[PDB]
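S.K.: Here it is: the structure, laid out below.
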Amino acid sequence: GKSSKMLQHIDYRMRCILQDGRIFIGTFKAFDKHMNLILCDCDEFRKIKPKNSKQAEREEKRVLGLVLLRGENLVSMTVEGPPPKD
Amino acid sequence: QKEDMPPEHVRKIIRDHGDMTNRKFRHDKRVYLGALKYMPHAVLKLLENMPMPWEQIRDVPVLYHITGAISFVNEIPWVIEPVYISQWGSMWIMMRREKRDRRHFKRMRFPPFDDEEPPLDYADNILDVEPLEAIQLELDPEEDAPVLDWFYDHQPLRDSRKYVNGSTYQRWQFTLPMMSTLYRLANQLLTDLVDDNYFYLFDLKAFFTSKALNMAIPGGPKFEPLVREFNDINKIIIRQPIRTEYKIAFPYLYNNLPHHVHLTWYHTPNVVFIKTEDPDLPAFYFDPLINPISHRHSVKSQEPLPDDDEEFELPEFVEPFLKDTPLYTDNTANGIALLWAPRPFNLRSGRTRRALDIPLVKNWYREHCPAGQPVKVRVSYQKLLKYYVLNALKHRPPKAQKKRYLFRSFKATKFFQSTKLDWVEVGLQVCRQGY
Amino acid sequence: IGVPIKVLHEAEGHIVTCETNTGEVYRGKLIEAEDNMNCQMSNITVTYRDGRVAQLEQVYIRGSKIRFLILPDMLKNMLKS
Amino acid sequence: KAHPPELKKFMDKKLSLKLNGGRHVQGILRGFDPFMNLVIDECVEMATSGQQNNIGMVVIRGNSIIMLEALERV
Amino acid sequence: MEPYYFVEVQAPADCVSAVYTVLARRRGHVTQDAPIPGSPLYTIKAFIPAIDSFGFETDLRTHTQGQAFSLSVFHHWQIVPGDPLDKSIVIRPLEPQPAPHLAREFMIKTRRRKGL
Amino acid sequence: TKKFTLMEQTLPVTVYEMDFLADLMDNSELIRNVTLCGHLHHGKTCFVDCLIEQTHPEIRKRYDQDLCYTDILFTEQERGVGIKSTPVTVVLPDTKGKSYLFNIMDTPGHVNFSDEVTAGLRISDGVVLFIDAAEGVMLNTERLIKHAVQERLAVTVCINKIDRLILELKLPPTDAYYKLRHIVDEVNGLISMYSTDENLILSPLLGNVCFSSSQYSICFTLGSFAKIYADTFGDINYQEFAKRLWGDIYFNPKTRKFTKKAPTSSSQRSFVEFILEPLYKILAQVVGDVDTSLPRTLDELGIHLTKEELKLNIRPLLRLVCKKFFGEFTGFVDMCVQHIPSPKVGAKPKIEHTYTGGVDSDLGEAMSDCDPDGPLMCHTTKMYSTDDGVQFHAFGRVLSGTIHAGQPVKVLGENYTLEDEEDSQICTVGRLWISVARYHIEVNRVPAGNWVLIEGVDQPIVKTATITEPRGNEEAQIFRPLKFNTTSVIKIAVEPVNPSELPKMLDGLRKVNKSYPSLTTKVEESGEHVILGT
RNA sequence: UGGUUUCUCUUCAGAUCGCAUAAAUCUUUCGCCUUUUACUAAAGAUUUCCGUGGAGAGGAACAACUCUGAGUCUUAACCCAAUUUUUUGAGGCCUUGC
Ligand SMILES: Nc1nc2c(ncn2[C@@H]2O[C@H](COP(=O)(O)OP(=O)(O)OP(=O)(O)O)[C@@H](O)[C@H]2O)c(=O)[nH]1
Ligand SMILES: [Mg+2]
């Protein structure tokens with residue numbers, strides 16, 4: 001019916017999980033049939049997705065920037081934070 | 001809303017109020033004198049709605065005072081402009097065909113009624129008489145087919161929602177057969193000028209440049225002066241005499257002090273329009289007025305020829321785009337002829353205009369004329385050009401006011417009613433009232 | 001044709017980074033990007049999984065065997081969708 | 001769609017082919033199809049030992065092609 | 001030496017003869033009178049003197065009722081037919097001199113202009 | 001008020017582009033410098049009007065003519081001429097979709113204004129010729145073929161007003177194809193007579209010569225029409241289909257393939273059929289069948305006009321049908337991007353004919369590298385007037401380095417040489433302007449390859465000069481002065497009426513001397529002012 | 001995410017129109033010329049009249065409607081299994097890090 005399930009989360013900050021187990025967090029700006037994704041201001045995490053880990057929240061973080069991810073290698077997505085206003 | 005009254009009410013009011021010598025109506029003797037200050041305005045509307053020699057009878061709405069003091073005609077004559085030009089071209093053709101085919105044309109006597117004759121009453125002399133045949137040229141039922149049903153009505157396609165809106169009669173929407181038929185009915189009043197390159201030095205801005213200086217044009221208007229060791233005659237090669245039209249064509253370079261000068265649009269690309277003769281020939285063909293091409297080249301350039309063993313073939317579901325439709329219909333050459341046509345006839349839809357606002361003979365005095373004509377008509381064409389230039393020059397923009405509506409404030413009062421009457425009856429009323 | 005694909009074609013002529021399915025990282029000028037994500041690049045720096053670098057003049061990578069691409073931020077300014 | 005890979009530029013050039021399984025071969029491009037299956041002539045297997053062995057003219061299925069690199073200038 | 005101007009005129013068929021008349025009244029020598037392929041207008045290529053070409057466009061469009069249209073470029077220099085130094089020929093003050101002493105007239109005018 | 005330069009009032013409603021413009025400026029190979037020339041008035045302005053009408057939506061709709069962008073003056077807007085070479089710059093996409101940056105120099109077409117065309121042609125690395133389809137090759141067409149072949153640029157022509165074949169001449173499709181092929185062959189002949197190079201031959205199969213009627217916004221190359229034909233239909237290779245369209249090539253409906261002779265049964269060409277048959281169908285069904293059978297034609301083309309759009313007159317309705325059928329002006333983008341050497345390649349033949357010294361080991365390689373860094377150099381040639389202001393801005397292009405706002409400037413003149421440093425002097429940039437013709441907008445910096453207006457350097461730039469870094473050990477020459485197609489012949493003697501204001505008159509005379517590129521204002525021994533013109 | 005002919009009132013619109021074109025007042029020259037009107041023909045400054053457009057309100061309908069074309073639980077059979085995608089060359093093991 002609605003097709004909205006992806007379009008809803010568009011412009012939002014999104015936590016995307018890759019098939020190797022990486023975590024890509026960026027601004028979800030576009031998708032397609034294959035679920036190839038366009039992620040603005042995107043960083044990569046490896047060790048953790050923090051839920052306020054008292055030791056530290058961030059280890060092996062890398063700044064990537066503007067990322068196009070191929071859908072083949074995507075597993076899943078959840079909402080990480082609201083859209084930046086800019 | 002105040003509604004229409006029976007037409008006998010104003011008739012018996014004018015009949016009882018005679019020469020105002022009866023004692024019984026003496027209280028209205030004052031009111032009629034006040035109505036004198038509106039008798040110019042009541043004249044204007046009376047002559048604004050004159051009924052058009054293809055018409056036998058026009059019924060106009062009438063705003064009249066309750067005493068019978070005055071009769072205004074409350075109507076603006078909207079006349080849709082292509083139909084108006086076609087109807088006057090019809091009148092032109094019929095009057096030429098009548099003046100050639102009549103043994104003696106007796107002229108009317110111009111004081112038509114004698115000085116001591118009282119004016120004739122409408123209700124007995126004119127009301128019961130069948131009027132006459134009007135002029136109204138006979139139209140071909142096959143060739144003038146989309147026009148013949150409605151061409152000589154007053155406001156022709158008024159109650160048809162497909163061609164105009166409503167009864168205010170303001171916006172018209174015709175079809176291209178209608179515009180084609182109205183265009184070849186009006187050829188006697190139109191021109192054959194496809195582009196305005198004819199009006200190079202003979203147009204509006206050129207005449208403004210002429211009026212700004214002291215120059216006249218040999219076929220153009222003459223005006224009043226707007227301003228009222230260098231040029232040694234032994235230092236100047238007079239090779240070609242300075243022809244006077246250079247001061248219009250290039251105004252800064254050939255004059256000193258060009259004040260209040262106007263620039264000139266000088267060239268349009270020459271519109272090359274082939275007028276077709278007969279519909280036996282197709283819509284667009286190679287006309288024998290056009291020069292042939294006949295390609296010649298010295299050594300063949302190696303233009304790409306993708307040869308055999310390219311194995312590029314089209315799929316099954318592809319075709320040329322519009323191969324189902326024919327190349328041309330019977331209405332294609334007519335529409336191309338309607339592309340290069342004068343300003344009423346070159347369009348599908350527009351907004352209605354007044355009978356006042358449509359100059360039928362304006363294109364005739366705007367062009368320069370062949371010299372074989374007498375002196376009289378040359379002076380007349382020059383003076384009409386001068387009138388056109390003085391109209392175009394001192395045109396300040398319309399200066400948007402607050403609208404005033406005199407006849408809407410008269411019929412909001414209790415002293416005015418409204419009816420619908422024959423134009424001749426209201427004219428007899430206006431003459432009796434002014435007397 | 002997909003929205004991301006149009007944005008990829010837009011990056012032709014720009015310097016881009018590509019990671020393969022095997023994690024080799026190729027950075028250089030994107031010459032041609034096909035619809036299926038096949039990528040022709042030039043004057044490459046490649047960073048292997050052990051960390052070592054190399055230099056290549058000309059490469060072409062199959063779309064399927066690409067994990068992702070990093071494009072300039074020059075593009076970020078397709079906001080309609 | 002049913003597109004060709006844009007490889008005419010690479011025709012009859014010597015190439016270095018990275019295949020899946022950490023496999024690498026080198027040879028001259030002799031042709032291709034829409035699946036990116038290749039014909040490679042004078043092909044040489046670059047064994048993980050470092051040793052290289054001549055295998056002649058071969059077919060590589062596009063499926064298992066990770067990456068190619070030209071050893072020439074195109 | 002006198003500068004000449006190359007003039008191309010696009011004109012209808014009777015306007016070709018009109019252009020030929022107007023251009024021949026200015027020491028013309030019409031170069032080419034070829035038709036335009038695929039058009040009923042003709043191209044008239046010609047040379048003209050550049051002292052004779054002050055308003056040739058305006059006169060031409062006046063005489064052809066705005067049908068013919070003319071453009072003019074500079075490309076040429078050739079000899080004035082008059083003797084530039086000739087004390088026998090006396091130049092009239094305002095009257096235009098014929099061809100045998102145009103160079104004498106133009107030299108005397110340019111001499112009186114600045115140099116003396 | 002002393003403003004007559006027609007309401008700049010800067011409000012562009014371009015779609016999603018502000019930063020993108022300056023982002024494509026910073027790429028230096030994604031920019032194209034095109035100049036546009038015609039014999040007189042051959043539709044160049046209404047062309048660029050349709051291009052900007054593509055560019056700027058929700059405003060920018062013109063009714064019963066526009067021509068504001070290359071016709072922004074008021075004497076210019078009434079004469080019919082474009083008297084100035086008013087530039088414009090936009091971004092607009094390709095058939096694929098990758099939007100390029102176009103700097104359109106929009107030159108005059110009048111013969112006496114070839115100065116403007118020369119000055120635009122020297123700064124742009126590509127020329128685009130406009131020929132009226134109903135006219136053919138003309139005077140200034142041949143003159144600008146000469147001037148374009150001489151000053152070493154790529155050459156491409158675009159045949160305009162192909163509607164006048166249809167609606168005015170009313171030729172058959174085969175005869176109109178013959179006339180278009182005749183125009184293309186005459187262009188190739190005039191190029192082949194002049195150029196000693198041979199790799200500049202233009203043919204519609206190659207893709208450089210286009211066809212574009214411009215009151216109704218038709219613009220197609222063979223690639224563009226094939227892209228339309230393939231976007232409607234299936235998976236046809238539109239490049240390979242576009243390759244086999246122009247020139248003595250027939251479609252055999254049995255073998256479904258393109259041959260050279262094989263159907264000889266009074267068939268038509270591939271171009272004649274596939275191009276000119278549906279185009280004449282659209283034209284004829286608009287001009288003569290709007291009431292009867294036009295929506296039946298529009299439903300066969302996927303064109304959906306509303307109830308209000310169907311009630312138009314024939315000119316706007318024909319333009320609207322051709323806009324909804326042809327869409328964008330991507331064929332022009334094809335013939336530009338595929339055939340104009342964007343100024344990495346463009347640097348070398350330009351710098352080998354502009355610069356005085358040559359290819360030598362200091363200046364030449366730094367020019368041809370054309371990175372936005374190093375020996376800051378430019379070439380300003382046009383001097384565009386502000387409405388009220390005495391100052392009139394310089395217009396040039398950045399070859400090497402960048403230009404920043406407030407960055408000081410050494411203006412090397414033209415009487416300057418290497419050992420004569422008394423002509424040149426030093427100034428500072430007032431403001432940097434990039435213009436959309438009818439609007440102006442500021443930038444903080446301009447990289448290499450881009451066109452730029454400079455404010456504040458106007459005093460030493462009489463007609464030709466170069467811009468360089470101040471007090472820098474970078475010693476170089478000047479670019480060559482402006483070789484012109486015509487030579488200024490007409491001499492006008494000039495003297496004031498009142499002799500009490502000779503300085504103000506000499507001031508304005510110097511200003512108009514700085515404005516026009518071939519105006520020559522001198523004083524002879526008798527003391528009368530002499531103006532030489534074209 | 002969805003529907004107009006006529007009448008009146010109010011308000012805002014004349015830097016490219018009303019694709020037509022009148023008269024008046026003032027001030028300055030004039031042009032004739034018994035003086036005043038009535039005028040000649042120009043420039044300028046202002047106004048009146050015949051017309052016009054956009055928006056809003058109300059009235060007079062003499063048009064007819066809500067599983068209807070478009071849905072926030074209905075409705076374009078087609079984005080539904082052979083190398084470039086939504087159907088696995090997988091499978092197995094081991095070492096390093098708090
Ligand atoms: N028939 C036809 N006329 C056109 C077309 N495009 C423009 N014109 C007209 O041709 C005349 C020339 O148009 P412009 O574009 O102003 O002239 P130009 O080609 O720019 O040349 P310049 O006047 O020197 O600037 C104008 O009157 C246009 O209305 C066209 O496609 N077909
Ligand atoms: Mg007295």
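Naming works like this for the structure tokens: A, B, ... for the chains as they're shown, residue 1 at the start of each chain, ligands 1 onward in shown order.
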When the cut-off is 7 Å and we count only C-alpha atoms, which residues of chain F are near chain C, given as an mmCIF file with C-alpha atoms, in the first residue's frame?
M.R.:
```cif
data_model
loop_
_atom_site.group_PDB
_atom_site.id
_atom_site.type_symbol
_atom_site.label_atom_id
_atom_site.label_comp_id
_atom_site.auth_asym_id
_atom_site.auth_seq_id
_atom_site.Cartn_x
_atom_site.Cartn_y
_atom_site.Cartn_z
ATOM 1 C CA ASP F 19 26.631 26.161 -3.230
ATOM 2 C CA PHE F 20 26.412 23.725 -6.147
ATOM 3 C CA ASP F 23 31.112 23.635 -6.165
ATOM 4 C CA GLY F 97 21.876 13.892 -15.556
ATOM 5 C CA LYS F 98 25.298 15.185 -14.484
#
```
S.K.: Within 8 Å of ligand 1, counting only C-alpha atoms (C1' of nucleotides) and all ligand atoms, which protein or nucleic acid residues do you find, written as a ChimeraX atom specification?
M.R.: /B:268-269,271 /F:38-47,65,67,70-71,80-83,107-110,130,160-164,212-217
S.K.: Please, could you write that set of residues out with N, CA and C atoms as a CSV table (one decimal), in the first residue's frame?
M.R.:
```csv
chain,number,residue,atom,x,y,z
B,268,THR,N,12.6,43.3,-38.8
B,268,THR,CA,12.1,41.9,-38.4
B,268,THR,C,12.6,41.0,-39.5
B,269,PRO,N,12.9,39.7,-39.2
B,269,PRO,CA,13.2,38.7,-40.2
B,269,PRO,C,12.0,38.6,-41.2
B,271,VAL,N,9.2,37.6,-43.2
B,271,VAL,CA,8.3,36.5,-43.1
B,271,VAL,C,7.9,36.0,-44.5
F,38,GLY,N,25.6,34.7,-34.4
F,38,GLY,CA,24.7,34.6,-35.5
F,38,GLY,C,24.9,35.7,-36.6
F,39,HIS,N,24.4,35.6,-37.8
F,39,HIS,CA,24.5,36.6,-38.8
F,39,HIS,C,23.9,37.9,-38.5
F,40,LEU,N,22.8,38.0,-37.9
F,40,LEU,CA,22.2,39.3,-37.5
F,40,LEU,C,21.3,39.0,-36.4
F,41,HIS,N,20.0,38.8,-36.6
F,41,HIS,CA,19.2,38.3,-35.5
F,41,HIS,C,18.6,37.0,-35.9
F,42,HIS,N,19.3,35.9,-35.5
F,42,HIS,CA,19.0,34.5,-35.9
F,42,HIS,C,18.4,33.7,-34.7
F,43,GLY,N,17.9,34.4,-33.7
F,43,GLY,CA,17.3,33.7,-32.6
F,43,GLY,C,18.2,33.3,-31.4
F,44,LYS,N,19.4,33.8,-31.4
F,44,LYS,CA,20.3,33.5,-30.2
F,44,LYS,C,19.7,33.9,-28.9
F,45,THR,N,19.1,35.1,-28.8
F,45,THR,CA,18.5,35.5,-27.5
F,45,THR,C,17.3,34.8,-27.0
F,46,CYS,N,16.3,34.5,-27.8
F,46,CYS,CA,15.2,33.7,-27.5
F,46,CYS,C,15.6,32.3,-27.2
F,47,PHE,N,16.7,31.9,-27.8
F,47,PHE,CA,17.4,30.6,-27.4
F,47,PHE,C,17.9,30.6,-26.0
F,65,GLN,N,7.1,37.4,-26.1
F,65,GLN,CA,8.5,37.7,-26.2
F,65,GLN,C,9.1,38.1,-24.9
F,67,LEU,N,13.5,38.3,-24.2
F,67,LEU,CA,14.9,38.7,-24.6
F,67,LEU,C,15.6,39.7,-23.7
F,70,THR,N,20.1,38.9,-22.7
F,70,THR,CA,21.2,39.4,-23.6
F,70,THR,C,20.7,40.7,-24.2
F,71,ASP,N,19.7,41.4,-23.6
F,71,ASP,CA,19.2,42.5,-24.2
F,71,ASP,C,18.7,43.4,-23.0
F,80,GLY,N,16.1,46.1,-31.4
F,80,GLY,CA,16.0,44.8,-31.9
F,80,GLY,C,17.4,44.1,-32.0
F,81,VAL,N,18.4,44.9,-31.8
F,81,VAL,CA,19.8,44.4,-31.8
F,81,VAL,C,20.1,43.9,-30.4
F,82,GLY,N,21.0,43.0,-30.3
F,82,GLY,CA,21.7,42.9,-29.0
F,82,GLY,C,23.0,43.7,-29.3
F,83,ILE,N,23.2,44.8,-28.6
F,83,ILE,CA,24.3,45.7,-28.9
F,83,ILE,C,25.5,45.3,-28.1
F,107,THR,N,26.7,36.9,-27.9
F,107,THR,CA,27.3,38.0,-28.7
F,107,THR,C,26.3,38.7,-29.6
F,108,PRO,N,26.5,39.9,-30.0
F,108,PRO,CA,25.8,40.5,-31.1
F,108,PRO,C,25.8,39.7,-32.4
F,109,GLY,N,25.0,40.1,-33.4
F,109,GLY,CA,25.1,39.4,-34.7
F,109,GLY,C,25.2,40.4,-35.8
F,110,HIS,N,25.1,41.7,-35.5
F,110,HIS,CA,25.2,42.7,-36.5
F,110,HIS,C,26.7,42.8,-37.0
F,130,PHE,N,24.9,30.0,-35.0
F,130,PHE,CA,23.4,29.9,-35.2
F,130,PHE,C,23.1,30.3,-36.7
F,160,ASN,N,18.9,26.9,-36.5
F,160,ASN,CA,17.7,27.5,-35.8
F,160,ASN,C,16.6,27.8,-36.7
F,161,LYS,N,15.4,28.0,-36.2
F,161,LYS,CA,14.2,28.3,-36.9
F,161,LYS,C,13.8,27.3,-38.0
F,162,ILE,N,13.8,26.0,-37.6
F,162,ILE,CA,13.4,25.0,-38.5
F,162,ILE,C,11.9,24.9,-38.6
F,163,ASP,N,11.1,25.7,-37.8
F,163,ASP,CA,9.7,25.9,-37.9
F,163,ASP,C,9.4,26.7,-39.2
F,164,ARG,N,10.3,27.6,-39.6
F,164,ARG,CA,10.0,28.4,-40.8
F,164,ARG,C,10.1,27.5,-42.1
F,212,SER,N,17.3,23.2,-33.7
F,212,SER,CA,16.6,23.8,-32.5
F,212,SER,C,15.8,25.0,-33.0
F,213,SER,N,14.5,24.9,-33.1
F,213,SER,CA,13.6,26.0,-33.2
F,213,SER,C,13.3,26.7,-31.9
F,214,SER,N,13.4,28.0,-31.8
F,214,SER,CA,13.6,28.6,-30.5
F,214,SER,C,12.4,29.5,-30.1
F,215,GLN,N,11.4,29.9,-30.9
F,215,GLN,CA,10.2,30.4,-30.3
F,215,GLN,C,9.4,29.4,-29.6
F,216,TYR,N,9.5,28.1,-30.1
F,216,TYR,CA,8.7,27.0,-29.5
F,216,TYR,C,9.5,26.0,-28.7
F,217,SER,N,10.8,26.3,-28.4
F,217,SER,CA,11.6,25.5,-27.5
F,217,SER,C,11.8,24.0,-28.0
```
S.K.: What is the atom CA of residue F:139-atom CA of residue B:272 distance in Å, reported with one decimal?
M.R.: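 Separating atom CA of residue F:139 from atom CA of residue B:272 is a distance of 19.6 Å.
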S.K.: For ligand 2, return the neighbouring residues as a ChimeraX atom specification (distance at most 12 Å; only C-alpha atoms (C1' of nucleotides) and all ligand atoms).
M.R.: /G:34-36
S.K.: Restricted to C-alpha atoms (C1' of nucleotides), what would the selected residues look like written as a PDB file, in the first residue's frame?
M.R.:
```pdb
ATOM      1  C1'   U G  34     -11.203  96.027 -34.379  1.00  0.00           C
ATOM      2  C1'   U G  35     -12.005  94.073 -28.267  1.00  0.00           C
ATOM      3  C1'   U G  36     -14.200  89.416 -25.279  1.00  0.00           C
TER       4        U G  36
END
```
S.K.: Just give me the gap between atom CA of residue B:385 and atom CA of residue E:63 in Å, one decimal is fine.
M.R.: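 Interatomic distance here is 20.4 Å.
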S.K.: List the spatial neighbours of residue A:21 as a list in words - criterion: any atom at most 10 Å away, only C-alpha atoms (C1' of nucleotides), same-chain residues fewer than 2 positions off excluded.
M.R.: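 Listed by chain and then number, they are residues 16, 17, 18, 19, 23, 24, 45, 46, 47, 73, 74 and 75 of chain A.
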S.K.: Take the selection from the previous step and output its residues with N, CA, C and O atoms, as a PDB file, in the first residue's frame.
M.R.:
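Written output follows (out.pdb):
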```pdb
ATOM      1  N   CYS A  16      22.676   1.977  10.660  1.00  0.00           N
ATOM      2  CA  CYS A  16      22.593   0.911   9.694  1.00  0.00           C
ATOM      3  C   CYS A  16      23.634  -0.162   9.961  1.00  0.00           C
ATOM      4  O   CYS A  16      24.820   0.113  10.171  1.00  0.00           O
ATOM      5  N   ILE A  17      23.180  -1.410   9.910  1.00  0.00           N
ATOM      6  CA  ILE A  17      24.034  -2.572  10.185  1.00  0.00           C
ATOM      7  C   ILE A  17      24.393  -3.329   8.919  1.00  0.00           C
ATOM      8  O   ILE A  17      23.516  -3.762   8.163  1.00  0.00           O
ATOM      9  N   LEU A  18      25.698  -3.507   8.725  1.00  0.00           N
ATOM     10  CA  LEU A  18      26.230  -4.183   7.534  1.00  0.00           C
ATOM     11  C   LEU A  18      26.398  -5.671   7.756  1.00  0.00           C
ATOM     12  O   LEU A  18      26.353  -6.153   8.896  1.00  0.00           O
ATOM     13  N   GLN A  19      26.601  -6.385   6.651  1.00  0.00           N
ATOM     14  CA  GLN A  19      26.659  -7.845   6.682  1.00  0.00           C
ATOM     15  C   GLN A  19      27.906  -8.367   7.365  1.00  0.00           C
ATOM     16  O   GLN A  19      27.877  -9.438   7.956  1.00  0.00           O
ATOM     17  N   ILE A  23      28.813  -0.863  11.873  1.00  0.00           N
ATOM     18  CA  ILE A  23      27.731   0.073  12.164  1.00  0.00           C
ATOM     19  C   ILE A  23      27.990   1.398  11.441  1.00  0.00           C
ATOM     20  O   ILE A  23      28.970   2.105  11.727  1.00  0.00           O
ATOM     21  N   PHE A  24      27.117   1.715  10.494  1.00  0.00           N
ATOM     22  CA  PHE A  24      27.174   2.986   9.780  1.00  0.00           C
ATOM     23  C   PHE A  24      26.074   3.899  10.287  1.00  0.00           C
ATOM     24  O   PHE A  24      24.892   3.561  10.208  1.00  0.00           O
ATOM     25  N   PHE A  45      31.370   2.811  13.010  1.00  0.00           N
ATOM     26  CA  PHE A  45      31.774   2.224  14.276  1.00  0.00           C
ATOM     27  C   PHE A  45      31.986   0.727  14.119  1.00  0.00           C
ATOM     28  O   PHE A  45      31.329   0.059  13.315  1.00  0.00           O
ATOM     29  N   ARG A  46      32.900   0.201  14.915  1.00  0.00           N
ATOM     30  CA  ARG A  46      33.156  -1.232  14.925  1.00  0.00           C
ATOM     31  C   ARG A  46      32.897  -1.910  16.223  1.00  0.00           C
ATOM     32  O   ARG A  46      32.166  -2.900  16.259  1.00  0.00           O
ATOM     33  N   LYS A  47      33.463  -1.386  17.300  1.00  0.00           N
ATOM     34  CA  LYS A  47      33.449  -2.120  18.556  1.00  0.00           C
ATOM     35  C   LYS A  47      32.067  -2.165  19.233  1.00  0.00           C
ATOM     36  O   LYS A  47      31.647  -3.225  19.707  1.00  0.00           O
ATOM     37  N   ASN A  73      24.750  -5.582   0.839  1.00  0.00           N
ATOM     38  CA  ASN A  73      25.513  -5.686   2.089  1.00  0.00           C
ATOM     39  C   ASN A  73      24.804  -5.063   3.305  1.00  0.00           C
ATOM     40  O   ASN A  73      25.359  -5.028   4.407  1.00  0.00           O
ATOM     41  N   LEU A  74      23.583  -4.575   3.107  1.00  0.00           N
ATOM     42  CA  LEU A  74      22.776  -4.041   4.215  1.00  0.00           C
ATOM     43  C   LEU A  74      21.989  -5.156   4.886  1.00  0.00           C
ATOM     44  O   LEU A  74      21.442  -6.035   4.206  1.00  0.00           O
ATOM     45  N   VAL A  75      21.951  -5.115   6.215  1.00  0.00           N
ATOM     46  CA  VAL A  75      21.130  -6.028   6.996  1.00  0.00           C
ATOM     47  C   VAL A  75      19.916  -5.316   7.574  1.00  0.00           C
ATOM     48  O   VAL A  75      18.783  -5.743   7.332  1.00  0.00           O
TER      49      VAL A  75
END
```
S.K.: Select residues of chain F: the criterion is any atom within 12 Å of an atom of chain G, counting only C-alpha atoms (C1' of nucleotides); output as JSON, numbers by chain.
M.R.: {"F": [6, 7, 78]}
S.K.: At what distance in Å, to one decimal, does atom CA of residue B:96 lie from atom CA of residue B:372?
M.R.: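 Distance reported for this atom pair: 21.5 Å.
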S.K.: Report the residues of chain D whose backbone DSSP state falls under strand (DSSP E), written as number ranges by chain.
M.R.: D: 14-19, 23-32, 38-46, 52-60, 65-70
